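Below sits a lone chain in structure tokens, taken as the form deposited in one PDB entry.
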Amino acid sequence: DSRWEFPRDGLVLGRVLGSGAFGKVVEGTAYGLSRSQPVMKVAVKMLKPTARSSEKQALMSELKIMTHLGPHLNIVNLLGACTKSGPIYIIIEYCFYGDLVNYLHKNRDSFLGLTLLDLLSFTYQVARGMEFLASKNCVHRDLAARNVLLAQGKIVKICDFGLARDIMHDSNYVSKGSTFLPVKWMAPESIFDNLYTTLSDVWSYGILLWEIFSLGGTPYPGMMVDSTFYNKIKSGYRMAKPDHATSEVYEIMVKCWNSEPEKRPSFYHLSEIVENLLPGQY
């Protein structure tokens, strides 16, 4: 679609927010990208010179998929793109607080500020975002706190850095076969039987909830991903309750970690359940 196209001379590129082996996301400023906000801060995903044609095809397809998702409050907001007469730029609205892991770490010590209600809100918003993606038949496959951004007003924005994360030198991604995988976030059917569904996303959402209510802890702390780890998961091992989880929130996580995928709750039902834990009703 040509509606998305934005001229390069209207885009200022700044510091790198994140980089992988062949892609990167840079902070930027866009001039004339909105009539109402003629000077607006953005993030821009682009390829590095290192990238080959396979990684260039993936960026164009990523743009194509993002155009077809349409907008949702809890997904990163696609604003425009640069495609003609140059390398592909994907322009997204800048999320003030950055990624959720670092946000949780920065606010862990002053936690009562950051409140339990804020954590419940993040939990609810992610579920609403994942519900949207599922409705578009998009399986995330890498849902984790590191792939959740936070905009001002404390609004969750699910994202996927993809090529802009160095999964080869990130401890959260374990070598398996030809590539590196977020094993500690993956459902057993994904690890051992290579099945990726919304229901496997629901497992990852449970791991994400553990991240939130541990205030950014590493899942299965101390445990290396090895054959001992793999066998524990198949045998029904699950993480204990994080410090700042209520019993209700822990029960939600355990439901997400059912060994049988069809027994995990939908992202829609998850939204309702978390809603009843929040004060007030709309």
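Only residues modelled in both forms are compared. C-alpha atoms forming the largest set that superposes within 1.5 Å between two forms make up the rigid core. The numbering used is simple: start at 1 and walk along the sequence shown.
Unshown form deposited in another entry; subsequent notes refer to it.
When the two forms are overlaid on the rigid core, CA displacement between this form and the one not shown of 2 Å or more is confined, within 103, 89, 94, 161, to 161. Put the two forms on the same core and the Cα of residue 171 is off by 2 Å or more between this form and the one not shown. In the other form, the CA atoms of residue 167 and residue 12 move farther apart by at least 3 angstroms compared with the shown structure.
Relative to this form, residue 72 and residue 165 approach one another in the other form, with their C-alpha atoms ending up at least 3 Å closer. Comparing the shared residues between this form and the one not shown on a common core, the single stretch of 3 or more consecutive C-alphas each displaced by at least 2 Å is 161 to 178.
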